[PDB]
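Working notes, structure below.
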Ligand SMILES: Nc1ncnc2c1ncn2[C@@H]1O[C@H](CSCC[C@H](N)C(=O)O)[C@@H](O)[C@H]1O
């Protein structure tokens, strides 16, 4: 009843075995205990009593001991239900046919000590293993109270396997210009893996064209994730049909396929080229519209399949996504779709970038939804948050990355910071322990934090109107960074081209700011060149409790040539008056917390330190860690955006490396984070 069975107390290997007491205190230990009718040995799985109304704990018994105080205790290490994880309440999720097994568990190494009184019963918890066959599993499972395939550690919300050259394809969704995608592909080389973005999906024409130009041999789809998927399913159907074992105007050839977005009759349409008509006369026609013509379709598909113009589940070996889910469910269906596509394609890995708020919004509804969906599919997962700066950028940009590695594959870690930028985690609650940093190990990365001067310093002077994509540097890269930022695709291994040089060798691209309508231009004209330039330096001025800007009587307004004033009324209103960023300029020793999609000086302190103009697109690209050889297209504003949205290339490029290691399975275990060997 109430107490310990008895037997040696094991002389002492007790201290040898577990001397945390022997300094929890132990008179001695036992290998068996008797509660009610029954005796529990060590290594027995058991149900334990939580607080009233709480679910019973589960445990593996580790310690049975006669602690001083004279009490009889046992310490078991804990077992985990998905609803006890970070993901509580999101067990209610289903993606496709995937649902959370109600009896399944994840094995922490987390232990606590209790009196034997709290032992309800003892449970059979069986351990699985990925490699098995129909019924090897089905047996076990059908014979057992519970099972565990993986350990859940809370450090990174990591669910991973527990025991008890080379090419991989990539799918970039919400690709934009492909900052993440490229960077990843660059790290892959360091790992020594050849990761190719065989597909990219984004619905913006311009982001798409940037991308394609910079990775010509990739299939760039400009459409929506929805359309893409549906298109994806139907295509599978076709491959079934045409591939092998049977499963007035004249259309000449079929150059394309889609599930029409604007074309929007929700049906497969095919691009049409017809005799006498240039590519400009082509049109999209519904599949049924097409006549019996096999040769056109049969050939189109067969030859497409050969070229893997489109993914099948078997072939995608990584996939990343940026799904915006701007903002239960309101829109955000975008994040949901991401997981729908993943669910379909079963990539060997998954990576997801998102703003930190995923975790803040309602207690990471979104974040826990992504995580939950991941695990529901039996996918090794973990997620942690990284700062762009730590990887050598003149900015502090914190975002969240979700690693989805398969059961059959290693789970990539996260790389530790390469720079000394000081990170004070907005480190929400549930996710407070998901972050990448050095706790207080003097990792030495003098890696003098980058500052603006270092980033844009070698920069031919340019003014408010510069309509030239490609100018010349007419200067040598003057800092370690800058010297690094302009490097041949060959030296950075962009590799997209065939071992031949890329276009735009040694050129300078997209160096040009947006044009301020003259009113604004003039306003920037009068901005001073001092360190702290703000509109405050301008005719009319203020002081007060607020620092609030109130016009300075005695001096009346002004007129631009147009007669508009210099100081718009809005500028005065901000924050009710803060030094603010209105028409503000930055120094070389300044950092941007984050590069923003939209550069207009009105509120953002975006104007070049010495030049009278807004930080040029390229200046932001460098700021975002873009190689100087990455070309951007479309209206200046549009590519300004393309850059704003992008995930920093150095960060993504470290990711690419850790991953790379993983795909080829070289790395330690159970360590949330890596450290990079050269400058990686
Ligand atoms: N409904 C949708 N369908 C397809 N793409 C969408 C979409 N809604 C948003 N997007 C994509 O979301 C992207 C913004 S985030 C893209 C950042 C990207 N990882 C990079 O830095 O390269 C946009 O490029 C847009 O193409």
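Computed from the coordinates by the stated procedures, all read-outs in this text should not be read as laboratory data. Note that each Cβ is placed from the backbone with ideal geometry, even for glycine, and that neighbours are counted across all protein chains shown.
Could you sort 291-304, 106-119 so that the peptide with the highest average Cβ count within 10 Å comes first and the rest follow in order? It would help to have the intermediate numbers written out before the result.
Details: 291-304: 14.1, 106-119: 15.9.
Highest-to-lowest ranking by the protection proxy: 106-119, 291-304.
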Separation between Cα centres of region 539-616 and region 198-248, rounded to whole Å: 46
Region 397-445: relative contact order in percent, alpha carbon pairs under 8 Å with at least 6 residues between: 31
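Would you list 628, 133 from fewest to most Cβ contacts within 10 Å?
With the sparsest Cβ surroundings first, the list reads 133, 628.
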Region 309-382 and region 95-112: distance between their alpha carbon centers, rounded to Å: 19
The chain: C-alpha pair distances exceeding 34 Å, %: 56
Two-site FRET efficiency, residue 126 against residue 487, from Cβ-Cβ distance with R₀ of 41 Å, rounded to 0.05: 0.15
Region 366-483 shape via C-alpha gyration tensor axes, a/c threshold 1.5: prolate
Exposure proxy ranking, count of Cβ atoms within 10 Å, fewest first, for 127, 608: 127, 608
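Within the P(r) computed for region 451-625, what percentage of the Cα pairs occupies the region above 27 Å?
Here the tail beyond 27 Å accounts for 35 percent of pairs.
Return the FRET efficiency for the residue pair residue 547, residue 518: r is the Cβ-Cβ distance, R0 is 22 Å, and the value is rounded to the nearest 0.05. Intermediate values should be presented prior to the final figure.
Details: r = 30 Å, r/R0 = 1.35.
For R0 = 22 Å, the calculated efficiency reads 0.15.
Order of 104, 27 from fewest to most other C-beta atoms within 10 Å? Mind dumping the intermediate values first?
On the way: 104 18, 27 14.
Listed from fewest to most nearby Cβ atoms, that is 27, 104.
How would you order 72-85, 176-189, 613-626 from highest to lowest mean count of nearby Cβ atoms within 10 Å?
Details: 72-85: 20.5, 176-189: 27.9, 613-626: 26.2.
Averaged packing, sorted descending, gives the order 176-189, 613-626, 72-85.
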Region 460-511 and region 132-159: distance between their alpha carbon centers, rounded to Å: 51
Under 20 Å from the residue 165 label point (7 Å along Cα→beta-carbon), backbone N, region 190-211: 190-199
Highest to lowest packing among 498-505, 146-153, scored as the average C-beta count within 10 Å: 146-153, 498-505
